[PDB]
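Input: a single structure, listed below in structure tokens.
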Amino acid sequence: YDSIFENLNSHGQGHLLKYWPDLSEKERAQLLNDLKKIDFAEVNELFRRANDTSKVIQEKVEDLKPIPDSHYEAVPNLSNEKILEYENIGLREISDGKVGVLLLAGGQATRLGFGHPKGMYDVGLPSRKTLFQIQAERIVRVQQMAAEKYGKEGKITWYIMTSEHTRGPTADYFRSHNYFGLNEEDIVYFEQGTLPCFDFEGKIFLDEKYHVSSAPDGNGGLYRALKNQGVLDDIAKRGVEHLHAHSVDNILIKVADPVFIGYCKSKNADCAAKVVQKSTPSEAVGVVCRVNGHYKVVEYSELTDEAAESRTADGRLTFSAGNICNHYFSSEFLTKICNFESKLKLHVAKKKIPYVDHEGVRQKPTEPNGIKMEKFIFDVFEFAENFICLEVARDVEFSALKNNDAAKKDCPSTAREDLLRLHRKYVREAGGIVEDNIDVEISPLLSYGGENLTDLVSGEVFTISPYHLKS
Ligand SMILES: CC(=O)N[C@H]1[C@@H](OP(=O)(O)OP(=O)(O)OC[C@H]2O[C@@H](n3ccc(=O)[nH]c3=O)[C@H](O)[C@@H]2O)O[C@H](CO)[C@@H](O)[C@@H]1O
Ligand SMILES: [Mg+2]
């Protein structure tokens, strides 16, 4: 106790042991287990840098400039012959077993009110498939496409990053469903770290008398987790050369998109980000920018209202390159990143954090009472030697699940609506006849991105809703 107290008090966190006399021996052991999981020197060192307001005000007066339209291309503007070239390059890499996916599934947002990892959400499709199952079947299908073209049945290694409260339920969900037709050996779970939650005076919250308040350390915690969980070793052993990192909530996600992988390989990019066009200033998307001669993403929470609402001569937003958390990393760049993730800025967010008050009572604040600190995955972009930005069509590739339906944006209903609208488009683009009032869902096992539909829908008329086109 004495050595533990000193470690705490030398860093001003001695209050965490306040309730020691009232705790059972098991609660005492739980509390001590919480404390030994925290490096109080590194945490306290990190908090000071993250909350150095003088440096923050300097970053606010930076001459923030958007990525010029001249520095990126848009997939829908490419010729179909250039698209095929990129797709075939990506399909070859997938077939050769050189592609992995880094699924960011440790996020703990509560906005949705879902008592499970977000990946288990069912937005009410005719198939009633979850985000996890849809993504798994997209992996199945694109592996099949790659093997059918190039012979070898290469596998995408699915690296699923979890946090403490998602690790168990996520592994249980995939196991219960027989990995949705994928092989268990190719799905690799790894767990990101956490950081404690602080009040406005820099003292760490107690979630219970025997439990320190903590939260996942941001999706920028990927890099440290990759190293200390042995994932970089696994990547090197498997011969994986390309990594597709993306969020869990985008129901339109082109997992291991061969066009994306082929595009970045052909441009010899060490790192890349997909973007969509931002048309409302308040959309909660980061924007790709240039400052001091390198690329950056400024999170929606850190973009001034002035910059967000600034307009071009056209009337487009000046900052219109909307990040959709959909990134490419070369294996070489990834392993070099993980050796300097220490320098990665910690971002501060005001949050409503439950806490034990000065009277042993757990409160639930109605106004933000504390701070969480997060590393952001895109903060490595400024260290890339050949960063590439690739614009994609929003209706084909981005529809985020963030809020409940009452918010009416980025909700289950818009996610389900965006996917069904896209599949209606795929059916029409393959020669099928279907009106907007018909809900036709295309199984990912039948079509990854609109291919493989002519023989089934060309000339056919779809008049009954809902309809499920299956494999
Ligand atoms: C990548 C990032 O910093 N912000 C992006 C993110 O913000 P946004 O704030 O919407 O999302 P979060 O950064 O909270 O989470 C993004 C993804 O990372 C996962 N996650 C998050 C935190 C964590 O500790 N562990 C973890 O695995 C989430 O579960 C999800 O898979 O998505 C938007 C698009 O939808 C982009 O416009 C934002 O620029
Ligand atoms: Mg991102």
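Starting from 1 in every chain, residues are counted up; chains themselves are A, B, ... following the order of the structure tokens, and ligands are numbered from 1 as listed.
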
Closest atom pairs, chain A residues within 6 Å of ligand 1, only C-alpha atoms and all ligand atoms, as a tab-separated table:
```
residue	atom	partner	partner_atom_place_in_ligand_line	distance
A:104	CA	ligand 1	27 (O)	3.9
A:105	CA	ligand 1	27 (O)	4.1
A:106	CA	ligand 1	27 (O)	3.3
A:107	CA	ligand 1	29 (O)	3.0
A:216	CA	ligand 1	24 (O)	4.2
A:217	CA	ligand 1	24 (O)	4.7
A:218	CA	ligand 1	24 (O)	3.1
A:219	CA	ligand 1	23 (C)	4.0
A:247	CA	ligand 1	31 (O)	3.4
A:248	CA	ligand 1	31 (O)	4.0
A:285	CA	ligand 1	37 (O)	3.0
A:286	CA	ligand 1	39 (O)	3.8
A:299	CA	ligand 1	39 (O)	5.2
A:323	CA	ligand 1	37 (O)	4.4
A:324	CA	ligand 1	34 (C)	4.1
A:325	CA	ligand 1	1 (C)	4.9
A:376	CA	ligand 1	3 (O)	4.4
A:377	CA	ligand 1	1 (C)	5.5
A:400	CA	ligand 1	35 (O)	5.5
```

Can you check which parts of region 249-352 of chain A lie within 12 Å of region 156-178 of chain A? Per residue, the shortest pair of atoms and distance in Å to one decimal, counting only C-alpha atoms, sorted by chain and number, as a Markdown table.
```
| residue | atom | partner | partner_atom | distance |
| --- | --- | --- | --- | --- |
| A:255 | CA | A:156 | CA | 9.9 |
| A:256 | CA | A:156 | CA | 7.9 |
| A:257 | CA | A:156 | CA | 11.2 |
| A:258 | CA | A:156 | CA | 11.5 |
```

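Ranking A:320, A:9, A:326, A:452 by their shortest atom-to-atom distance to residue 272 (chain A), with only C-alpha atoms included, puts A:326 first.
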
Q | Separation of CA of residue 461 (chain A) from CA of residue 422 (chain A), in Å and rounded to one decimal | A |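 Distance reported for this atom pair: 17.1 Å.
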
Q: Any chance you could list, as a PyMOL selection string, the residues in region 180-376 of chain A that come up strand (DSSP E) when DSSP is run on the backbone?
A: chain A and resi 187-191+194-196+198-199+206-208+211-212+214-216+242-247+271-277+287-291+294-298+321-330+347-351+355-356+362-363+370-374

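Within the 9 Å cut-off around residue 141 (chain A), using only C-alpha atoms and omitting residues fewer than 3 positions from it on the same chain, the listed residues are residues 136, 137, 138, 144, 145, 146, 444, 445, 446, 447 and 448 of chain A.
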
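When only C-alpha atoms are used to compute distances to residue 405 (chain A), the closest of the residues A:75, A:420, A:112, A:307 turns out to be A:112.
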
Near residue 306 (chain A), counting only C-alpha atoms, which residues have an atom at most 12 Å away, once you skip same-chain residues fewer than 3 positions from it, shown as a PDB file with N, CA and C atoms, in the first residue's frame?
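Result file is around-v1.pdb:
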```
ATOM      1  N   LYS A  60      -4.581  26.824 -33.124  1.00  0.00           N
ATOM      2  CA  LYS A  60      -5.813  27.443 -33.597  1.00  0.00           C
ATOM      3  C   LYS A  60      -5.540  28.586 -34.568  1.00  0.00           C
ATOM      4  N   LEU A  64      -4.521  27.355 -41.669  1.00  0.00           N
ATOM      5  CA  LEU A  64      -5.113  26.117 -42.160  1.00  0.00           C
ATOM      6  C   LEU A  64      -5.584  26.319 -43.592  1.00  0.00           C
ATOM      7  N   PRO A 281     -21.552  22.443 -43.740  1.00  0.00           N
ATOM      8  CA  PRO A 281     -20.440  22.765 -42.825  1.00  0.00           C
ATOM      9  C   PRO A 281     -20.468  22.022 -41.493  1.00  0.00           C
ATOM     10  N   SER A 282     -21.645  21.670 -40.981  1.00  0.00           N
ATOM     11  CA  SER A 282     -21.759  21.018 -39.683  1.00  0.00           C
ATOM     12  C   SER A 282     -21.603  19.501 -39.728  1.00  0.00           C
ATOM     13  N   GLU A 302     -12.493  20.070 -34.095  1.00  0.00           N
ATOM     14  CA  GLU A 302     -11.414  21.037 -33.975  1.00  0.00           C
ATOM     15  C   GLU A 302     -11.380  22.031 -35.127  1.00  0.00           C
ATOM     16  N   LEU A 303     -12.312  21.931 -36.069  1.00  0.00           N
ATOM     17  CA  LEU A 303     -12.420  22.894 -37.155  1.00  0.00           C
ATOM     18  C   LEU A 303     -13.217  24.094 -36.665  1.00  0.00           C
ATOM     19  N   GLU A 309     -17.630  26.876 -42.358  1.00  0.00           N
ATOM     20  CA  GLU A 309     -18.629  27.564 -43.170  1.00  0.00           C
ATOM     21  C   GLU A 309     -18.027  28.426 -44.270  1.00  0.00           C
ATOM     22  N   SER A 310     -16.704  28.424 -44.428  1.00  0.00           N
ATOM     23  CA  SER A 310     -16.077  29.191 -45.502  1.00  0.00           C
ATOM     24  C   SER A 310     -16.347  28.542 -46.859  1.00  0.00           C
ATOM     25  N   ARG A 311     -16.523  29.383 -47.878  1.00  0.00           N
ATOM     26  CA  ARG A 311     -16.974  28.955 -49.188  1.00  0.00           C
ATOM     27  C   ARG A 311     -15.975  29.374 -50.264  1.00  0.00           C
ATOM     28  N   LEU A 317     -17.868  24.194 -50.034  1.00  0.00           N
ATOM     29  CA  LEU A 317     -17.097  24.453 -48.823  1.00  0.00           C
ATOM     30  C   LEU A 317     -15.623  24.541 -49.177  1.00  0.00           C
ATOM     31  N   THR A 318     -14.920  25.491 -48.557  1.00  0.00           N
ATOM     32  CA  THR A 318     -13.479  25.580 -48.779  1.00  0.00           C
ATOM     33  C   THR A 318     -12.797  24.299 -48.319  1.00  0.00           C
ATOM     34  N   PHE A 319     -13.278  23.739 -47.216  1.00  0.00           N
ATOM     35  CA  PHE A 319     -12.809  22.469 -46.684  1.00  0.00           C
ATOM     36  C   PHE A 319     -13.891  21.439 -46.990  1.00  0.00           C
TER      37      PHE A 319
END
```

Q: Choose the residue, out of A:25, A:341, A:436, A:379, that has the smallest atom-to-atom separation from ligand 2; count only C-alpha atoms and all ligand atoms.
A: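 Closest to ligand 2 of all the choices is A:379.
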
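Closest approach to ligand 2 among A:228, A:222, A:304, A:349 is made by A:222 (distances from only C-alpha atoms and all ligand atoms).
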